[PDB]
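Observations on the three-dimensional arrangement
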Amino acid sequence: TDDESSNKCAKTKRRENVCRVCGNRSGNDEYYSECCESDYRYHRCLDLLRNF
């Protein structure tokens, strides 16, 4: 059993998808890692995925 201390993207599938989709939507391979960052960014990425 792992914790968020490892990777929030591994704590849930949606989290991993939000990061992958975020990079594609914005068109930046870097954005992918952004979502994996503190929730501060994770929530910011969801804004774009709002129109999923």
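Residues numbered from 1 in each chain as written, not as in the entry; some residues may be left out. Heavy atoms only, no water.

Method of determination, as given in the entry header: solution NMR.

Below, the discussion takes up the environment of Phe 52. Assignment of secondary structure puts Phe 52 in the segment after α3 (39-49). Along the sequence, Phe 52 and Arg 25 sit 27 residues apart, while their C-alpha atoms lie 9.9 Å from each other. (Helix = DSSP H or I, 4+ residues; strand = E, 2+ residues; numbered from the N terminus.)

This part takes up the nonpolar core. The nonpolar side chains of a soluble globular protein tend to be buried with one another. Counting 9 residues, the largest nonpolar core consists of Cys 9, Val 18, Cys 19, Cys 22, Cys 35, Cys 36, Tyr 42, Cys 45 and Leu 49. At the level of secondary structure, the elements contributing two or more residues to this core comprise α1 (13-26), α2 (31-36) and α3. Apart from the residues lying within four places of it in its own chain, the contact partners of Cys 19 are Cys 9, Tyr 32, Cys 35 and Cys 36. (Core = buried A, V, L, I, M, F, W, Y, C linked by side-chain atoms within 4.5 Å. Buried < 20%, exposed > 50% of the residue type's maximum accessible area, 1.4 Å probe, protein only. Contact = heavy atoms within 4.5 Å.)

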